[PDB]
Structures are given as C-alpha cells and as structure tokens.
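Everything on this sheet refers to the single structure shown next.
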Amino acid sequence: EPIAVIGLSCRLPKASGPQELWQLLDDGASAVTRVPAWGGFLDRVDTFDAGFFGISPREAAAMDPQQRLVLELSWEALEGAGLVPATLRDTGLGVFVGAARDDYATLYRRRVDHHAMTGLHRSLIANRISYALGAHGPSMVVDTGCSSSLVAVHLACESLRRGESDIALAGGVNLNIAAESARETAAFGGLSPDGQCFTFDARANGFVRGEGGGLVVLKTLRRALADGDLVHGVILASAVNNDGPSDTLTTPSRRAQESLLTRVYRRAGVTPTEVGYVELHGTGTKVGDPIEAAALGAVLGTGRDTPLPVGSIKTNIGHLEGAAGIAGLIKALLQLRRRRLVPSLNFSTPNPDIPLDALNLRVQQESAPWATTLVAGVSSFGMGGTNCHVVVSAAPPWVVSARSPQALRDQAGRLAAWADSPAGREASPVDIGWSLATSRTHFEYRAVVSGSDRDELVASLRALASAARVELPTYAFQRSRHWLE
Amino acid sequence: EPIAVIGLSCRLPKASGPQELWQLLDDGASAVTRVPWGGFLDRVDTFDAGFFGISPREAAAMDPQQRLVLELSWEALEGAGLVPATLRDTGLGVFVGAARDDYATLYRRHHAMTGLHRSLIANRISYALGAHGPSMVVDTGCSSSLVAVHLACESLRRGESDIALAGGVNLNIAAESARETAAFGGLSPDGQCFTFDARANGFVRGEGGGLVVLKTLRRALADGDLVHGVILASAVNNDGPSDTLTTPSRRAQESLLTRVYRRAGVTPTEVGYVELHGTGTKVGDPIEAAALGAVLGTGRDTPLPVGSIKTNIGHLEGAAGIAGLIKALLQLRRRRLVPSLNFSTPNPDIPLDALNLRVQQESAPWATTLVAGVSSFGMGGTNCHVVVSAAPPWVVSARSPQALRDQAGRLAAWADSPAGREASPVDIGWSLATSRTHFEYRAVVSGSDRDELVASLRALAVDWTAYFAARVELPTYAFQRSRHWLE
Amino acid sequence: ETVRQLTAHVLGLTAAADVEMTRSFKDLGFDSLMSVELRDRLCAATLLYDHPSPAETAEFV
Ligand SMILES: *CC(=O)NCCNC(=O)CCNC(=O)[C@H](O)C(C)(C)COP(*)(=O)O
C-alpha cells in the first residue's frame with residue numbers, strides 16, 4: 001500500500017529549511033567548512049527555546065541537544081503539513097526516530113542531579129515528542145547505524161500499512177559535540193584528509209564529518225486523499241535486509257544489495273527504464289562505491305536505453321552518519337516536487353574501477369529539468385551490514401500568532417520576508433489568509449493586519465515587526481543558551 | 001496469524017538455563033545478593049573467542065553484551081532443533097533491544113569502534129549466521145525486549161522473515177550508572193523488590209539476557225518443530241499526555257490491554273496468569289493493578305493470579321520483558337505456577353479484593369487451554385503486552401578435547417537427571433545425530449542400556465540419519481570461556 | 001515578610017525576579033520531586049497541590 005508524504009522538516013549545515021536546502025543544492029555550493037573552534041557544523045547548537053515547550057532552564061541545561069533539535073524539527077514538520085498539533089492529542093500518532101550517538105552523556109561523564117537519567121537516554125528522544133504531542137501510538141528509537149533513518153521510515157510505513165497508526169513521524173538526527181567521537185572515528189582511519197566526499201570519483205579517500213537532523217510526516221494515501229491534505233510524494237515500497245556472509249563484517253556485499261533492490265522494485269510495481277534518479281549512499285570511499293555501482297548497474301542499469309542519473313547529498317553537507325537516509329529522502333522529495341535534478345559536486349574524473357559506461361549510469365553534475373510519472377530511489381547502507389531502499393514517486397486580513405512580543409515581531413518580519421520572496425508570490429493573498437487562519441494555531445499574543453494589496457500588507461507587517469492550502473515559513477523560536485557547567 | 005515459539009535461551013543470576021531458572025523459581029529462592037544489592041552474574045569478562053573465530057584482542061575490545069547476546073542466540077538455535085549451518089543465506093531476522101553502553105564509558109575514562117556499537121549487537125549475529133533478514137537494535141527502555149518481540153512477530157506475519165530471534169540483554173559494569181541511578185531516587189534502600197506489597201520502596205538492579213526463536217505456526221506445524229508456545233497478539237502504544245513524562249498512565253494501559261485481548265480473540269475469565277511489570281514502587285503498582293482490574297478483573301468469577309519475576313532476580317531494565325516471556329513460557333510448559341516472593345500484606349492503595357486479583361504466593365498446578373499475558377512498561381511511557389498460550393550409539397561433538405569431555409560430562413549429567421529419564425535412548429541418539437552439528441572432534445559411544453551408556457560417558461569425560469523417533473532437548477553446548485578485559 | 005518568593009530560584013530563572021505569579025506550576029515546570037522540595041523549603045518561613053500559583057501558596061502565610 002502506498003504511503004502519502006505530506007510534509008517534512010530538516011536542519012542541515014547552511015540550510016535551516018527546505019527552501020534554504022533547495023537553494024544550496026541548486027546553486028552547487030558545499031557547506032563543508034573548517035571546525036568553528038573539516039566537516040559541516042551547525043550554528044549555535046547550545047541554544048534552545050525551552051519556554052516554548054514548557055521546559056525549565058535547569059532541565060534544559062542537562063537536556064540532550066539532540067532531543068531539543070528533534071522536538072523543533074517535529075514542530076516544524078507538523079506546522080508545514082497543515083495539521084494543528086493541538087488536534088493530534090489523544091491520537092494514535094507514531095514516532096520513529098533513528099539515533100546512534102550519545103556524545104553529550106560522554107561529555108557529562110568524563111568530568112549529579114535527577115535530570116541526568118531523563119536527559120541522557122536515547123528513548124526520551126521520541127518519548128518527549130510523544131509527551132508533547134499527546135500521541136498514543138508506538139514510540140521507540142531504532143539503532144541501526146548509517147541507515148537508521150531509512151529503517152525508521154520503513155518501520156513507520158509498515159505500521160501505517162498494518163493500521164495501528166494513522167499518522168507517523170519518521171526521520172533521524174545526529175550531532176558531533178564531543179571530540180571523543182572524532183578521535184575514535186579517526187582511529188579507524190576512514191576519514192578523507194581532503195575533507196571532501198568524492199563520490200564516484202578517482203580522488204575518493206573517505207568521508208567527511210557531518211551533523212544535522214530531519215523528520216517527515218507519513219500517512220496512508222487513501223486517508224490523505226480523504227482529508228484533502230497536500231501530498232509531497234508517494235512511497236511505493238521499502239525493504240530492509242542484511243549482507244550476511246560477506247568477506248568481512250565491515251565489508252559490504254553486492255549480492256545482498258542486488259536482492260534488496262530487486263525485491264523492493266518487484267513489489268512496488270516499477271519496471272526499469274522509468275526511474276529518473278537514484279540517491280547514492282556512497283561516502284567517497286574507494287571500497288563500497290564500486291560495489292554499489294555494480295549492484296545498481298546489474299539491477300537498474302541492465303536493459304536501459306539511457307544512462308541512469310545518480311547522485312548523493314553527502315558531497316554538499318557531508319556524511320551525517322545518523323541522518324543520511326532521511327537527508328537523501330528529503331533531497332529526493334524536493335527534486336520530485338520541483339521536477340529538477342540538482343548537480344552533484346566532487347566529480348571530475350570517473351573512477352577507473354567503476355565502469356559507468358558499462359553499468360549504464362551517469363553522475364548528475366548539471367542542473368537540468370526532470371521529464372517523464374517520475375520515480376526515484378533512496379538507498380542507505382549501514383556500516384554493520386543493514387541496507388534499506390525507499391522508492392518514491394511524484395504526487396498524482398492576515399493573522400500572526402506567537403507567545404512573546406519579540407517572537408511576534410520576528411514572526412511578522414519572517415512572514416513579510418517570505419511574502420516578498422518569489423516563492424510566496426505564486427499564492428493569492430486570500431490563500432495566505434486562509435492558511436494563516438486555519439493551518440496555524442492561535443497563541444496568547446496575536447496581531448491582525450489588513451490592506452488592499454500584497455505590498456501594503458507586507459509594509460504593515462514590517463512596520464509592526466520593528467480555498468487552497470499553501471506552505472508557511474514554520475515558527476520562529478527564541479533560542480537561549482543552555483549548556484552544562 | 002499466530003506465531004510459534006519453538007525455543008528459548010536465557011542467562012540470569014543463579015540461572016544459566018531454562019532448567020536452572022525453573023528450579024530457582026519453583027523453590028522460591030532469590031538471587032539478589034550483595035555487590036561482589038542486586039542480582040549479579042558470576043563473571044562478565046569471560047568469553048570463548050575461539051568458538052566464533054574472534055581474535056583475543058577483538059574479544060578484549062568486544063562489548064560483553066555482544067558476546068552474551070551471541071552466546072544466547074547460539075544456545076537458542078541449538079535448543080530449537082535447527083542446525084545453524086543450514087541457516088546461511090536465509091531470511092532470518094534478528095531483533096535485540098539494548099539500552100546500556102557502560103563499556104564505552106569504561107573505555108572513555110580500530111577494534112575499539114567495532115566493539116562499542118549498540119547496533120552490532122544484532123548485526124554481528126547476521127554476520128555469524130550469514131542471515132539476509134533485517135537486523136536492527138531497538139531502544140525503548142524497560143520494554144525494549146517486548147517491543148523487539150512484537151516487531152519480529154509483525155515481520156514474520158508480513159512475510160519478509162522466516163525465523164526470527166527476539167530478545168534483549170542488560171549488564172551493569174560501571175559504577176557511574178549506579179551513581180546516576182542512586183541520584184535519581186529509585187533504588188530501594190533495603191535492596192528488595194516488594195511487588196504489590198506495603199513495603200514497596202523501589203527496585204533492585206539486575207543484569208542478564210534472554211532470547212527466543214519465533215516462527216510461523218503454520219510453517220512450524222508443516223516442518224514439525226517442537227512448539228514451546230503460541231503467541232497470539234502483541235501491541236505497542238504510548239501514554240501520551242500523562243501527568244509527568246516519567247509517571248505512567250492508566251488509561252493508556254487499559255486501552256492497550258483491551259486492544260491486545262480483542263485482536264487475539266481471548267475473552268476474559270479464561271486467562272490463568274498475568275506477568276506483572278511491577279517495580280516494587282507505590283506509584284506505578286496501583287495504576288497497573290487498577291488497569292488489570294478494570295480490563296481483566298471485571299467479568300471474572302475467580303481471582304486472577306498475578307506475579308512478577310523481579311521478586312526473584314530484580315529489575316533488569318533491558319531484558320525484563322524477555323525474562324517475563326520466558327517465565328510465562330516455562331509456566332505454560334510445566335503447567336505449574338511459581339510463587340512470588342516479597343509479599344506479606346496487600347498494599348492499602350491496591351484493593352485486591354475489589355480488583356479481582358490475587359498474588360500467586362504458592363506453588364500449585366495450573367488447570368484450565370492455558371493463556372498468559374506479559375506486560376512491559378518503559379520508563380519513557382511505552383507499554384507492550386504479549387498474549388501467549390500453550391501448544392495444542394551416542395555421538396558427541398566439540399572443537400576441543402577438553403570441550404568434548406565437558407560436553408560428554410554435561411550430557412551424562414542431563415541423562416542422569418530426572419528430566420532426561422522421560423526420553424528413550426534411541427530418541428537421544430537421533431537428536432544427537434540430527435539436531436546437533438558435527439564439529440572437528442567427535443566421539444561415538446556404544447551401549448545396550450542407559451546406565452551403561454552413562455557409565456561410558458563418564459569414563460571418557462558416517463550417515464547417522466539413516467541409522468534410525470522424535471526430537472528431544474539436549475544440554476546445548478559446553479563453552480570454554482576465557483578472560484578478555486581492557487587494560 | 002509574607003510573600004518572600006526567594007526560594008523559587010530552584011527553577012533556574014536566575015534571580016528571584018523573573019518568576020511570575022498567577023500561573024500554573026505545570027506550565028513553568030514542576031514535577032513531583034520539585035514539588036516535594038518546595039513543600040519542604042517553606043519550613044524556614046493541599047498547600048501546593050490545590051494552590052498551583054505561588055500567590056495562593058503564599059496566601060497561607
Ligand atoms: C524501568 C522503569 O521504568 N522503572 C521505573 C518504573 N517506575 C514506576 O513505575 C514508578 C514511577 N515513579 C515515579 O515517577 C516516582 O514517583 C518519581 C520519579 C519520584 C516521581 O514522583 P512524583 O510523580 O510523585
């Protein structure tokens with residue numbers, strides 16, 4: 001049974017939103033910079049708006065920043081999907097978050113109140129979302145590895161198909177706070193000294209550090225059509241398997257990937273010569289990249305008149321190693337929605353060990369429009385051997401509210417900026433007003449503007465900042481520093 | 001689609017196997033002792049690295065939880081009557097729930113990163129067995145094992161898996177974890193777990209692990225496996241908007257129980273036992289008792305027997321669900337109810353007479369099929385319930401001469417035990433020939449009587465399929481563990 | 001004096017000035033442990049369960 005994707009949220013280096021991520025990917029820019037006293041690092045990871053979620057500053061000080069980031073991502077995802085969180089209380093909403101790092105606990109333990117137990121456990125990452133949203137559905141954290149996010153997405157889809165959950169939250173998160181994780185990672189010697197991910201390139205020497213998070217809202221296609229929700233995409237089928245008896249536990253196996261791809265394309269009703277793009281899991285390594293290329297050529301490259309376009313998002317932001325699958329799924333969904341294929345960086349000379357011409361595969365290194373429905377595939381291979389694949393097809397007076405005066409003025413300014421942006425110019429002002437009045441929850445503080453033109457409304461909103469359904473620029477938080485001492 | 005459980009393995013304080021666990025539970029003894037307060041194992045630094053082909057340095061850097069899970073899976077496969085060598089390149093899924101990584105804390109005071117990942121606890125099994133099924137580790141809290149069991153059952157029902165290994169493990173090696181547990185304020189000062197009692201003042205730490213083998217009931221019947229039990233349904237839910245993120249909710253538990261007993265088709269007043277999740281605290285125990293009385297207590301003409309294994313070994317917080325499931329399976333197999341310790345007077349907040357519940361504090365036979373329920377509530381607020389009903393010449397092999405003599409000794413001891421006296425020697429030989437794998441060093445004994453065969457086995461302590469019967473259990477394998485600890 | 005809301009600093013709101021009356025303890029953050037601690041912190045000067053805001057709590061004294 002197909003699963004309807006209706007909304008998503010993400011937080012990536014140099015990309016604080018889906019629009020920012022699309023702008024970064026379409027412009028061919030890399031967010032991998034040096035450590036802010038190589039790799040993609042977020043900005044102000046120690047800042048959190050604890051007042052919005054009703055959390056005391058003392059609890060937030062010992063709180064894992066990953067939990068706060070996931071809570072903010074979930075709030076943004078539910079806001080962007082047109083669903084009021086207050087209407088999700090006492091409902092069987094499922095939460096699926098895949099995390100595999102707890103470096104905050106190591107930082108706390110290397111150098112004792114009652115908040116340490118609650119704030120240093122992986123289950124509370126999803127339990128806090130369940131508590132805040134009042135969800136009666138299943139909530140758990142799956143530890144898979146580099147493919148934890150895709151495993152969580154597959155579990156959410158299976159739960160939706162079974163019927164025990166009506167709305168699911170699937171995604172992942174990863175943060176690199178402690179230098180101990182970096183030291184252990186460099187001990188393995190799998191980091192490229194150049195600090196870049198040379199996917200399907202002859203200069204591949206390893207991957208680069210990356211951090212960030214992503215979440216997505218999953219619902220059944222029938223229920224989404226019944227409720228009239230705007231569908232971002234359609235997940236057709238997914239499957240999870242393991243390499244099994246390979247040469248080494250770390251070394252991946254081609255046969256398992258081939259079988260996984262064949263089985264995931266068999267039940268999805270998708271034949272070759274109609275898949276327009278495939279999201280690569282390659283981390284710029286000279287070991288697994290040839291295996292992945294050979295598997296893709298054997299499964300999808302065989303019997304194809306035109307070369308299959310391939311690419312990866314790790315060339316821009318890096319290997320998040322805890323949220324790679326959800327990031328790839330978000331990139332594929334954005335490409336499907338915009339009907340364009342973003343270029344992939346770090347590709348100059350083809351890998352001699354990879355016969356791209358023989359495998360009927362080509363790396364997309366130029367922004368080109370997408371033409372025919374369009375089918376894309378996102379693959380995530382865990383380090384231990386777990387592999388997942390997801391197939392996604394394309395879908396077939398202004399009131400501003402906030403809990404603080406400064407927050408209200410920030411919301412008004414951001415709304416005015418979004419309206420002035422060309423993205424918001426494609427929607428009529430009546431649609432914007434309807435979305436603000438129906439798809440946005442009413443807070444303690446509110447402001448109402450009126451006018452006869454869009455420019456007048458924007459001017460009024462900026463002055464105070466000192467029916468179809470359309471997207472809105474999420475919520476503007478007032479983050480404050482909360483760190484251990 | 002009901003699931004068939006055809007084998008299980010466990011490692012608990014003063015319980016190295018299902019027989020030892022049954023002996024401990026029936027005798028009404030407690031494994032909670034002093035720190036060498038709480039149940040503890042003999043040793044956790046000992047492992048047989050040569051059995052799995054693991055280098056000694058890798059074993060030293062290996063997480064003991066991974067080794068314990070691998071050993072438990074091997075024991076469960078050996079006792080399930082399935083040859084592991086025939087499980088290669090098959091859709092076998094592994095689901096292990098773990099929530100402790102104190103070995104990383106010990107290391108942080110190339111092999112290091114491989115022996116400190118929680119996911120590999122399952123993934124290594126897929127590497128050892130060569131399985132192509134899903135292998136993921138689920139972190140939920142105190143209900144991780146039950147969640148993993150439910151996920152394995154659902155995967156088997158869907159059809160992407162043939163045989164599943166579902167369970168959990170938890171080890172307490174670091175004193176820092178004990179420090180945080182004491183600072184939280186949940187450890188009982190008396191070092192005892194008074195479930196549903198008036199002396200409830202916290203729980204006791206416990207370490208151990210468990211695993212079970214899950215297969216489709218129709219497929220198991222077609223193959224002809226020894227069905228240990230039949231799991232009917234399993235549901236997972238969250239308390240949502242409770243009073244406190246830590247404080248559990250009664251309405252969510254009531255709804256979960258109602259849905260799990262409606263989906264399984266088991267009406268009230270025919271369930272003979274319920275495995276309690278009581279932690280010996282005066283907060284969640286009244287809520288659990290009220291939920292049980294409202295769901296299962298109502299509409300029953302007799303008091304419902306309830307009990308918890310935490311009164312015998314203590315709270316594990318990583319394998320409590322699988323331990324309760326194993327205890328329920330053992331009770332169903334033996335058709336007897338073990339007593340519950342640390343129970344003298346009912347809690348004033350718990351109206352047992354009004355709730356139509358009673359604590360099983362005596363050893364009595366079980367009479368009507370028999371249906372049991374196992375509950376597991378997580379710390380974050382995740383609840384799971386599982387409903388399980390009852391089923392409707394000698395060759396020895398090992399990889400070392402010392403291992404061979406140890407296996408012969410354990411086999412002879414099991415034969416001398418009254419449990420082994422119910423199986424004919426021909427059945428024992430058939431099980432040894434077919435249900436056991438032939439290792440590098442094998443020996444064959446000959447005799448005309450059981451006593452002569454046992455005496456020959458103690459003295460020394462080919463297509464055999466066509467030589468011969470039913471399938472009977474055997475005392476698994478005799479490991480040769482060696483110390484492997486970081487320096 | 002009578003109100004002397006100086007023990008609210010256990011909430012972590014810096015000085016005891018940012019704490020606001022006519023509110024609810026559950027919104028600003030108060031579990032069982034903090035409630036018990038605040039009940040035992042008034043020995044130097046029902047009572048809290050039925051009195052969410054600090055105003056009614058100080059109304060007793
Ligand atoms: C494995 C696990 O979850 N173990 C703890 C289970 N605990 C309970 O069932 C009781 C929950 N107890 C509490 O919430 C305590 O009363 C607190 C933590 C002291 C908070 O008390 P407050 O709500 O009165």
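Here's how to read the names in the structure tokens: chain A, B, ... by the order shown, residue numbers from 1 in each chain, ligand numbers from 1 in the order shown.
Interface residues of chain A facing chain C, defined by any atom at most 7 Å away and using only C-alpha atoms, are residues 54, 55, 56, 57 and 58 of chain A.
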Could you build a table of the residues in chain B lying no more than 7 Å from ligand 1, giving for each the nearest pair of atoms and their separation in Å rounded to one decimal place, using only C-alpha atoms and all ligand atoms, ordered by chain and ascending residue number, as CSV?
residue,atom,partner,partner_atom_place_in_ligand_line,distance
B:141,CA,ligand 1,1 (C),6.6
B:142,CA,ligand 1,1 (C),4.3
B:185,CA,ligand 1,19 (C),6.5
B:186,CA,ligand 1,19 (C),7.0
B:244,CA,ligand 1,23 (O),6.3
B:246,CA,ligand 1,14 (O),5.0
B:247,CA,ligand 1,14 (O),4.2
B:248,CA,ligand 1,11 (C),6.6
B:278,CA,ligand 1,9 (O),6.9
B:279,CA,ligand 1,6 (C),5.7
B:281,CA,ligand 1,10 (C),5.6
B:283,CA,ligand 1,10 (C),4.8
B:284,CA,ligand 1,9 (O),3.8
B:285,CA,ligand 1,9 (O),6.5
B:317,CA,ligand 1,1 (C),4.9
B:377,CA,ligand 1,3 (O),6.4
B:378,CA,ligand 1,3 (O),4.9
B:379,CA,ligand 1,3 (O),3.3
Store the residues picked out above, limited to N, CA and C atoms, as a compact mmCIF listing (two decimals), in the first residue's frame.
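And here's again_12.txt as it stands now:
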# COMPACT_ATOMS: atom_id res chain seq x y z
N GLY B 141 13.66 1.35 26.34
CA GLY B 141 13.78 1.48 27.78
C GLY B 141 13.59 0.15 28.50
N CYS B 142 12.61 0.09 29.39
CA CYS B 142 12.30 -1.12 30.13
C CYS B 142 11.43 -2.09 29.35
N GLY B 185 16.86 8.45 42.59
CA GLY B 185 15.96 8.18 43.69
C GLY B 185 14.96 7.08 43.39
N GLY B 186 15.45 5.95 42.88
CA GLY B 186 14.59 4.83 42.58
C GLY B 186 15.08 3.52 43.17
N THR B 244 3.07 13.26 34.26
CA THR B 244 4.50 13.51 34.21
C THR B 244 5.11 12.55 33.19
N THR B 246 7.70 10.85 33.30
CA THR B 246 8.10 9.61 33.95
C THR B 246 6.90 8.85 34.52
N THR B 247 5.93 9.57 35.06
CA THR B 247 4.78 8.92 35.68
C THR B 247 3.93 8.22 34.62
N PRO B 248 3.62 6.94 34.80
CA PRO B 248 2.81 6.22 33.80
C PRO B 248 1.35 6.63 33.87
N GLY B 278 5.48 -4.90 37.75
CA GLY B 278 5.70 -4.16 38.98
C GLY B 278 7.16 -4.00 39.36
N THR B 279 7.55 -2.77 39.66
CA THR B 279 8.93 -2.44 40.02
C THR B 279 9.11 -2.26 41.52
N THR B 281 7.33 -0.25 43.52
CA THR B 281 7.13 1.15 43.86
C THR B 281 5.65 1.42 44.08
N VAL B 283 3.91 3.86 43.27
CA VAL B 283 3.38 4.81 42.29
C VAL B 283 2.75 4.09 41.10
N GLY B 284 3.55 3.30 40.37
CA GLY B 284 3.03 2.60 39.21
C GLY B 284 2.28 1.32 39.52
N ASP B 285 2.57 0.69 40.66
CA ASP B 285 1.87 -0.54 41.02
C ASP B 285 0.37 -0.33 41.20
N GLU B 317 15.71 -3.86 33.37
CA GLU B 317 15.53 -2.63 32.61
C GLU B 317 16.01 -2.75 31.17
N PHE B 377 6.33 -2.02 30.68
CA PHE B 377 6.15 -0.58 30.58
C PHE B 377 7.51 0.10 30.60
N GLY B 378 7.78 0.92 29.59
CA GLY B 378 9.04 1.62 29.52
C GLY B 378 9.09 2.83 30.43
N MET B 379 10.32 3.30 30.68
CA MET B 379 10.50 4.48 31.52
C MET B 379 9.91 5.72 30.85
*Taking the DSSP assignment computed from this structure's backbone, write out as a count of residues only all residues of stretch 410-474 of chain B that belong to helix (DSSP H, G or I).*
33
_atom CA of residue B:176 to atom CA of residue B:106, distance in Å rounded to a single decimal_ =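 Going from atom CA of residue B:176 over to atom CA of residue B:106, I get 9.5 Å.
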*asked:* Set the distance at 8 Å and use only C-alpha atoms: which residues neighbour residue C:3 once local chain neighbours fewer than 6 positions away are removed? I'd like the list as a PyMOL selection string.
replied: chain C and resi 55+58-59+61
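Closest approach to residue C:48 among C:36, C:16, C:8, C:21 is made by C:36 (distances from only C-alpha atoms).
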Restrict the calculation to only C-alpha atoms, then for each residue of stretch 226-326 of chain A with any atom at most 12 Å from an atom of stretch 468-474 of chain A give the closest atom pair and their distance in Å to one decimal, rows by chain and rising residue number, as a tab-separated table.
residue	atom	partner	partner_atom	distance
A:228	CA	A:469	CA	9.6
A:229	CA	A:469	CA	8.5
A:230	CA	A:469	CA	7.6
A:231	CA	A:469	CA	11.3
A:232	CA	A:471	CA	11.5
*Determine which residues of chain B sit within 6 Å of chain A, taking into account only C-alpha atoms, and present them as a VMD selection string.*
chain B and resid 110 119 123 126 to 127 130 to 134 136 to 140 183 to 184 236 to 241 380
Write the residues you've just listed into a file as a compact mmCIF listing (two decimals), in the first residue's frame, and include N, CA, C and O atoms for each of them.
# COMPACT_ATOMS: atom_id res chain seq x y z
N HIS B 110 41.41 0.41 15.95
CA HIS B 110 40.31 0.18 15.01
C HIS B 110 39.28 -0.79 15.58
O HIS B 110 38.11 -0.74 15.23
N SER B 119 24.28 -1.16 17.73
CA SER B 119 23.60 -1.83 16.62
C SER B 119 24.22 -3.19 16.33
O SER B 119 23.51 -4.18 16.11
N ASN B 123 23.75 -6.98 14.56
CA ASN B 123 24.35 -7.14 13.24
C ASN B 123 25.39 -8.25 13.22
O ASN B 123 25.46 -9.03 12.26
N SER B 126 23.91 -11.50 12.41
CA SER B 126 23.74 -11.67 10.97
C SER B 126 25.06 -11.96 10.28
O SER B 126 25.09 -12.61 9.23
N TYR B 127 26.17 -11.49 10.86
CA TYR B 127 27.48 -11.85 10.33
C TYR B 127 27.85 -13.28 10.70
O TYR B 127 28.48 -13.99 9.91
N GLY B 130 25.17 -15.61 8.84
CA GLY B 130 25.02 -15.39 7.41
C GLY B 130 23.58 -15.19 6.98
O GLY B 130 23.18 -15.69 5.92
N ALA B 131 22.80 -14.47 7.78
CA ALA B 131 21.39 -14.26 7.50
C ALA B 131 21.18 -13.00 6.68
O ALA B 131 21.92 -12.01 6.81
N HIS B 132 20.16 -13.03 5.82
CA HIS B 132 19.82 -11.90 4.96
C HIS B 132 18.58 -11.16 5.44
O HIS B 132 18.08 -10.29 4.72
N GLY B 133 18.08 -11.47 6.64
CA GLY B 133 16.93 -10.79 7.18
C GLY B 133 17.30 -9.48 7.84
O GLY B 133 18.48 -9.15 8.01
N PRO B 134 16.29 -8.70 8.22
CA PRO B 134 16.56 -7.43 8.90
C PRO B 134 17.24 -7.65 10.24
O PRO B 134 16.97 -8.63 10.94
N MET B 136 18.17 -5.02 13.36
CA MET B 136 18.19 -3.69 13.95
C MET B 136 18.07 -3.81 15.46
O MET B 136 17.54 -4.80 15.98
N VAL B 137 18.58 -2.80 16.16
CA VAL B 137 18.52 -2.72 17.61
C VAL B 137 17.56 -1.61 17.99
O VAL B 137 17.70 -0.47 17.52
N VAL B 138 16.59 -1.93 18.85
CA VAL B 138 15.54 -1.00 19.24
C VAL B 138 15.80 -0.54 20.67
O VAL B 138 16.04 -1.35 21.56
N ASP B 139 15.78 0.78 20.87
CA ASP B 139 15.95 1.39 22.18
C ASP B 139 14.62 1.98 22.61
O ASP B 139 14.14 2.95 22.01
N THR B 140 14.02 1.40 23.65
CA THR B 140 12.73 1.86 24.15
C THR B 140 12.79 2.10 25.65
O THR B 140 12.08 2.95 26.19
N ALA B 183 21.25 8.66 42.45
CA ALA B 183 20.91 10.08 42.48
C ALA B 183 19.48 10.32 42.00
O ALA B 183 18.83 11.27 42.45
N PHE B 184 18.99 9.49 41.08
CA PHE B 184 17.62 9.64 40.59
C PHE B 184 16.61 9.43 41.71
O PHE B 184 15.60 10.13 41.79
N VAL B 236 1.83 -2.23 20.85
CA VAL B 236 2.73 -1.24 21.42
C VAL B 236 2.05 0.12 21.33
O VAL B 236 1.54 0.50 20.27
N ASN B 237 2.05 0.86 22.44
CA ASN B 237 1.43 2.17 22.49
C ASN B 237 2.19 3.05 23.47
O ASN B 237 3.12 2.60 24.15
N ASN B 238 1.80 4.32 23.54
CA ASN B 238 2.43 5.30 24.41
C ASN B 238 1.37 5.98 25.27
O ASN B 238 0.21 6.11 24.86
N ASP B 239 1.78 6.41 26.46
CA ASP B 239 0.83 7.02 27.39
C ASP B 239 0.41 8.42 26.97
O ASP B 239 -0.63 8.90 27.43
N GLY B 240 1.18 9.07 26.11
CA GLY B 240 0.84 10.38 25.62
C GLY B 240 0.80 11.44 26.70
O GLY B 240 1.78 11.66 27.42
N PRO B 241 -0.34 12.12 26.84
CA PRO B 241 -0.46 13.25 27.79
C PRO B 241 -0.73 12.80 29.23
O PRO B 241 -1.83 12.89 29.76
N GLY B 380 10.08 5.84 29.53
CA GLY B 380 9.56 7.00 28.82
C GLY B 380 8.05 7.01 28.67
O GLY B 380 7.47 8.08 28.47
*Excluding same-chain residues fewer than 2 positions from stretch 438-449 of chain A, what lies within 6 Å of it counting only C-alpha atoms, as a count of residues only?*
11
*asked:* Give me the residues near stretch 269-276 of chain B as a PyMOL selection string, where near means some atom within 7 Å (using only C-alpha atoms) and where sequence neighbours in that chain fewer than 6 positions away do not count.
replied: chain B and resi 299-301+304-308+324+370-375
_To test your reading of the structure, identify every residue in stretch 106-314 of chain A that backbone DSSP assigns to strand (DSSP E), and report it as a ChimeraX atom specification._
/A:139-143,167-174,212-220,233-242,275-279,308-311
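Distance check against chain C using only C-alpha atoms: of B:245, B:17, B:52, B:40, the minimum falls on B:245.
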*asked:* If we count only C-alpha atoms and set the cut-off at 10 Å, which residues sit around residue B:349, ignoring sequence neighbours fewer than 4 positions away in its own chain? Please answer as a ChimeraX atom specification.
replied: /B:196-198,282-283,285-287,289-290
Create the file for the chosen residues now, containing N, CA and C atoms and written as a PDB file, in the first residue's frame.
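New file result-v7.pdb:
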ATOM      1  N   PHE B 196       3.585  -5.257  44.629  1.00  0.00           N
ATOM      2  CA  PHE B 196       2.216  -5.256  45.142  1.00  0.00           C
ATOM      3  C   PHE B 196       2.164  -5.411  46.659  1.00  0.00           C
ATOM      4  N   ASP B 197       3.206  -4.974  47.359  1.00  0.00           N
ATOM      5  CA  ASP B 197       3.305  -5.104  48.803  1.00  0.00           C
ATOM      6  C   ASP B 197       3.280  -3.729  49.461  1.00  0.00           C
ATOM      7  N   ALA B 198       3.088  -3.735  50.781  1.00  0.00           N
ATOM      8  CA  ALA B 198       3.061  -2.500  51.553  1.00  0.00           C
ATOM      9  C   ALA B 198       4.451  -1.968  51.875  1.00  0.00           C
ATOM     10  N   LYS B 282       5.347   2.295  45.031  1.00  0.00           N
ATOM     11  CA  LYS B 282       3.972   2.618  45.390  1.00  0.00           C
ATOM     12  C   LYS B 282       3.324   3.622  44.441  1.00  0.00           C
ATOM     13  N   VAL B 283       3.910   3.858  43.269  1.00  0.00           N
ATOM     14  CA  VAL B 283       3.380   4.808  42.293  1.00  0.00           C
ATOM     15  C   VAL B 283       2.753   4.086  41.102  1.00  0.00           C
ATOM     16  N   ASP B 285       2.573   0.691  40.657  1.00  0.00           N
ATOM     17  CA  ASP B 285       1.870  -0.537  41.024  1.00  0.00           C
ATOM     18  C   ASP B 285       0.371  -0.332  41.204  1.00  0.00           C
ATOM     19  N   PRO B 286      -0.111   0.693  41.926  1.00  0.00           N
ATOM     20  CA  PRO B 286      -1.569   0.899  41.981  1.00  0.00           C
ATOM     21  C   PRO B 286      -2.194   1.141  40.619  1.00  0.00           C
ATOM     22  N   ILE B 287      -1.505   1.869  39.737  1.00  0.00           N
ATOM     23  CA  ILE B 287      -2.040   2.129  38.404  1.00  0.00           C
ATOM     24  C   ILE B 287      -2.158   0.831  37.614  1.00  0.00           C
ATOM     25  N   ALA B 289      -2.389  -2.215  38.844  1.00  0.00           N
ATOM     26  CA  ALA B 289      -3.426  -3.039  39.454  1.00  0.00           C
ATOM     27  C   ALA B 289      -4.818  -2.562  39.057  1.00  0.00           C
ATOM     28  N   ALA B 290      -5.035  -1.244  39.052  1.00  0.00           N
ATOM     29  CA  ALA B 290      -6.330  -0.707  38.647  1.00  0.00           C
ATOM     30  C   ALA B 290      -6.627  -1.029  37.189  1.00  0.00           C
TER      31      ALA B 290
END
_One decimal, in Å: what's the spacing between atom CA of residue B:255 and atom CA of residue B:193?_
27.2 Å
*Could you tell me which of B:80, B:409, B:390, B:442 comes closest to residue B:220 if we count only C-alpha atoms?*
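That would be B:80, the residue with the smallest distance to residue B:220.
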*Taking only C-alpha atoms into account, which of B:12, B:355, B:243, B:146 comes nearest chain C?*
B:243
*Check the smallest atom-to-atom distance from each of B:242, B:347, B:424, B:144 to chain C using only C-alpha atoms, then report the winner.*
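Ranked by minimum distance to chain C, first place goes to B:242.
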*Could you state the separation of atom CA of residue B:90 and atom CA of residue B:162 in Å, given to one decimal place?*
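Those two atoms sit 7.9 Å apart.
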*Determine the nearest neighbour of residue B:352 from the options B:381, B:293, B:318, B:7, counting only C-alpha atoms.*
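Using only C-alpha atoms, residue B:352 sits closest to B:293.
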